[PDB]
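In the block that follows, a single chain appears as structure tokens, in the form deposited in one PDB entry.
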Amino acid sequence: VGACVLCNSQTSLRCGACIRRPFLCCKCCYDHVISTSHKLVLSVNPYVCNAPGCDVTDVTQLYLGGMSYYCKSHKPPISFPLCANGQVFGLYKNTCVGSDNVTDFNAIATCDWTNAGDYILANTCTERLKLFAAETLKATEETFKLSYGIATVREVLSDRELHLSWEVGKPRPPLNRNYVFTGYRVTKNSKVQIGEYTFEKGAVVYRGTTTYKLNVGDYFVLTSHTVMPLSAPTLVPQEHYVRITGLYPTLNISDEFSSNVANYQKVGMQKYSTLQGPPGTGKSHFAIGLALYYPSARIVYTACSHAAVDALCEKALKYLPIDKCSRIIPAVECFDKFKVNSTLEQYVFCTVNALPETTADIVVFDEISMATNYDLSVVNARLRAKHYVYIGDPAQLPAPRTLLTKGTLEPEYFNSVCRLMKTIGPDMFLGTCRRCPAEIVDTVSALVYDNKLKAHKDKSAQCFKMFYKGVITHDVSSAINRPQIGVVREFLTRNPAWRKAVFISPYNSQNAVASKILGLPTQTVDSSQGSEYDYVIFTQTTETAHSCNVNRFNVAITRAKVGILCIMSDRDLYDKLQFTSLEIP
């Protein structure tokens, strides 16, 4: 017994072909079963034929006879069809409203999440269907991980390098950082975890959390977890106030945070607020200074990733009383300078999926581009706050969507917060980039910030661009452009001071090749988000949709504090680079 995801009419019916088994009222359930392939209906019991050795589960072919369900062949003389009168039979039949169109639900219920239009629909449908979509998507993503074959340690060639044997008949997952495995130790009659691991083409290079002397027989699977059902909306109802509500500003602030005072007051004058903070504009500084501006307020700092929460902890360690802070960790090495798992402390730092059920004066949700609607709903389910502040940048990278193959996901569809920020605009905008040379700031300001992002630094004269297609090779799931790496090598010989640079590319296999040929530390754009370096050398590698993505390209070039060299494949983005052009030797 539950509530119909389209009507909220009370019902005893859940669609049993939908992987999330959502409640559907007599009408909506009927309109759903008759217009799709979904025919299994679940009640207090399942609408299935109770005959001995019968296979009929289709609700339109079943009858309630006695107090059992039967198909036409096995029904008793007295019975009535379960699925008739434009309605499916179950409890609470009289209270039932129906919907004019079941079209959005059916599409969410039946899609395979490989078309961009699936995520577009999932972020523009009714709020209740946003929750059903976010569950259905995340369950589908978790199930797809089970499709991958087990990888088994066949030979330990060295330390940090292995030799894997793969399960027959199942595909192999890509070997990049977006796929984290878990080892398992072979035992008497079961298995135990041995940490979480990542792999890369060698043999295979493995970068695991904890070191071991792992030997043959150990194996790796992308660890899955149970997806819980959602209840809270992705955003609470907005409320605007005429005075600061539930918060008491300090009367003495320092000139370190004075630039944020007006925004801090805005935070107290509405129920939720959105803060767009481009690279290097002071997002964590903003978030910690909020605590100092409202020194009595209890604040929960949250984000999806442990690294994002830790970075808030590192900023709070600099400005806030360590005794008033606590890092929540469920039973990976994270921040360990606060007391652990103290929910009732004034400042709580905790990832979304480990959040306790509690209240707070302010909730700060950081790196919001990386959130999904599932995360948005979970936060609202766990935390009841006077104020919610969503901090991030819809021009930076989103959570990877593994199932998506047809079409690109635009920032307004990353999640509900990003949609608001791209349609009505963010409540607050951090307009001055303190990190990057002006050539880089001017580029991304025009590229993704509607010319609103201003530079703090001057031009460095150390931002260069080269147009060089090179030669693209592919391995199992990545791309390599050795001629672009050769161009960088020739550049380094003539400019050896650039050997303090970090090498960045959109592809892990490109980085592996560059690490060996150049010796520079390497980062994928996606892994570099949130970090900064004095000098960056970037090879676009290809012109794909992946390597030309403007959020990825924005993140890539905004890692640099002083200088950057971009070897570009795409003529488009090359022409957009307000960098000094260099010639190919």
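Each residue number is its position in the shown sequence, starting from 1.
Missing-residue comparison: residue 475 falls in the unmodelled set for none of the other PDB entries checked, so it is not missing from a third of them. Across the other compared structures of the same protein with both neighbouring residues present, residue 404 carries coordinates in every case, with no third of them leaving it out. Unmodelled residues of the deposited sequence between neighbouring positions residue 331 and residue 332 number 1 to 3. According to the record, 4 to 9 deposited residues between residue 202 and residue 203 are left without atomic coordinates. Of the two segments examined, 42-50 and 525-533, it is 42-50 that shows the higher average Cα temperature factor in the deposited entry. According to the PDB record, 73-81 carries the higher mean C-alpha B-factor of the two stretches 73-81 and 460-468. In the PDB entry, the Cα temperature factor peaks, among 565, 562, 15, 573, at 15. Considering 439, 135, 159, 412 together, the PDB entry gives 159 the largest C-alpha B factor.
Among all modelled residues in its chain, residue 541 ranks in the lowest third by Cα B-factor. Sorting the modelled residues of the chain by their CA temperature factor places residue 252 in the highest third. Among all modelled residues in its chain, residue 518 ranks in the middle third by Cα B-factor. In this PDB entry, the Cα temperature factor of residue 63 sits in the top third of its chain's modelled residues, the highest group. The entry lists a Cα temperature factor for residue 454 that places it in the middle third of the chain's modelled residues.
Omitted from view is the form deposited in another entry, to which the following refers.
The rigid parts of the chain swing between the shown form and the other one, and the hinge residue from 102, 210, 427, 257 is 102.
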